[PDB]
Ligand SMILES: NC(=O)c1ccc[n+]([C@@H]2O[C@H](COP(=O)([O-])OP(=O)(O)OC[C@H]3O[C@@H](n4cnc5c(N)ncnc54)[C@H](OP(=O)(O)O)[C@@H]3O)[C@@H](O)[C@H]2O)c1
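Presented below, as structure tokens, is a lone chain in the form solved without the named molecule.
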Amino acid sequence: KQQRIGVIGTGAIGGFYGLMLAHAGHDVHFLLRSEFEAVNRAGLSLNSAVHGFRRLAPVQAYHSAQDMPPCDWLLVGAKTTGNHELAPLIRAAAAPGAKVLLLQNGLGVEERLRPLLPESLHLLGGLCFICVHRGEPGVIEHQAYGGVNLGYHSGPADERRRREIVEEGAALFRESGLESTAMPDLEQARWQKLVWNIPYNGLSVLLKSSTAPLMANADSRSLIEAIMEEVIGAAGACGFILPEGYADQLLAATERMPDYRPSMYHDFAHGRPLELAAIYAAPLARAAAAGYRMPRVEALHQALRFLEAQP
């Protein structure tokens, strides 16, 4: 054990990164909200096209955060919908001055969790470009990618120490065989990830499709691109100019990608609440504050809200 790592919320994201870190020799402890008794006896298994089959058995699984030991890094892989009840779990599992890394999508996530996080804890964001989902209980299906873009949000660190901490988190993933990048601007990096999540998550639910049919059809492809330009323009209006041709890079990488159902697709099929607040409502309100309209995203958001309310 070089670093003790706690995983708050052990879904596909939390289980994957926690297992990859554990396979690198770190002491990883998994907090299970919904899957404890299954995962505890079965273990954690990884079906990965990138890294091959991996397994962690037995798992250091816990059903209550108080049972967990003080960890140096807390990785939150849970959905942003349960972030309001996250603070007592993090505080219960955190070693003094622990680093909290939200492996979560959307916008404004860290800012909404900080009020109830002790000032002595560092708060970081991690934007995961990864194709992963839950198969059988305790089994993790990894189809592609896995890179993590880390950014610092808040905490007791000065500017030099902030860069060192982000670099430290990136080294954890890199030594685990995962690509990872220290980002200089977490909020800019969150806008960059929205360019993929906003069209693909919502259209996969709305059109009940996956990435390959969405990219194959010419009309859905133009719709994705127009939505991407809305997010790019909303980011620009709020002060963040994204890389040139960023939409083309996302479109090109998604074509090469295997057929993938986004996490929101799985959420809707399993009846789980969709991450509309972080992925849609928050960027819509930020753009509205800057006087920038996102008509397709706003309509896509209204449709998803309708679909979630329908029987």
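Start at 1 and count along the sequence shown; that's the residue number.
Just so you know, the form deposited with the named molecule bound exists too; it's not on screen, but the next bit is about it.
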item	value
Pocket open vs blocked [the named molecule transferred in the deposited complex by site C-alpha superposition; 2.4 Å, backbone or C-beta, 3 atoms]	blocked
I232, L214, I130, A170 - the one with a heavy atom within 4.5 Å of the named molecule in the deposited complex	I130
In the deposited complex, the residue from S176, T80, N149, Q192 that sits within 4.5 Å of the named molecule by heavy atoms	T80
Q2, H29 and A95 each touching the named molecule in the deposited complex (heavy atom, 4.5 Å)	no
Residue stretch of 159-167, 176-184, 219-227, 70-78 approaching the named molecule in the deposited complex, non-hydrogen atom distance within 4.5 Å	70-78
Contact test in the deposited complex: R134 vs the named molecule, heavy atoms, 4.5 Å	yes
Exercise: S34 in contact with the named molecule in the deposited complex, heavy atom 4.5 Å	yes
The named molecule contact at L89 in the deposited complex, heavy atom, 4.5 Å	yes
4.5 angstroms heavy atom contact with the named molecule in the deposited complex for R272	yes
Sequence-ordered list of residues in 88-123 near the named molecule in the deposited complex, where near means a heavy atom within 4.5 Å	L89, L103, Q104, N105
